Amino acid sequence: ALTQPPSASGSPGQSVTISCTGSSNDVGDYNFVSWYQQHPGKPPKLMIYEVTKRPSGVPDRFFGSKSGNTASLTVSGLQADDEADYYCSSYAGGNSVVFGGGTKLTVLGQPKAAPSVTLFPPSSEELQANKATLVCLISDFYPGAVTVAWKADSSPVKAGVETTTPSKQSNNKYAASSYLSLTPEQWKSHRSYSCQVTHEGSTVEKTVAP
């Protein structure tokens, strides 16, 4: 009900501004706009209340404002741990609390890193069960977005493909998985299969064969 940009980004020590666009019934006619910071797997943490006030313990770097129907949050002197999801919320006429969609803020400390790809063939055990699974393991990439494309010989295959989301690793890089389900007959009929991982324009490939 409150509109935020899906993502924003800023370099350490620089600044970023997060917009929150609503209605006159909420952000427009009331000074009851909140901001929440949410780190992964953690409950939100109130950062701003009443458009510009800050709860005890919130540094002055988080600066709230609004203009008409659009409220904004600016964060200054960006540090790594400002990286999080930021949500706005407001009172809305008729006794309701309304939220924004949230904005994933990234802070640009880590260098861009290409994924390491490992492609595994199906096990002889699994073939005995008349099933075959190709496992493509993708690690150590930053930023955390890849697309995955599979190929039988030179021909692309999208049937039977299942790909996870990116997940942050312990070293702050990202990981992901893709599985290609095949019949034993399909596995044996082709010269080879390949898993192609595209990351920020550059593709890394691995291949396996019966």
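Residue indices: 1-based, along the sequence shown.
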- 104-112 set against 134-142, stretch whose average Cα temperature factor tops the other in the entry: 104-112
- Query: Taking only the CA atoms, which stretch has the higher mean B-factor in the record, 53-61 or 175-183?
  - Reply: 53-61
- Task: Tell me which of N31, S170, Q38, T163 tops the list for C-alpha B factor in the record.
- Result: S170
- Query: Which of these has the highest Cα B-factor in the record: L73, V117, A80, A129?
  - Reply: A80
- Task: Using the B-factors in the PDB entry, rank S124's C-alpha atom against the chain and give the third, lowest, middle or highest.
- Result: lowest
- Message: Taking only the Cα B-factors deposited for this chain, tell me whether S155 sits in the lowest, middle or highest third.
- Response: middle
- Assigned third (lowest, middle, highest) for the C-alpha B factor of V98: middle
- Sorting the chain's modelled residues by C-alpha B-factor and splitting them into thirds places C20 in the highest
- Relative to the other modelled residues in the chain, which third contains the C-alpha temperature factor of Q14: lowest, middle or highest? highest
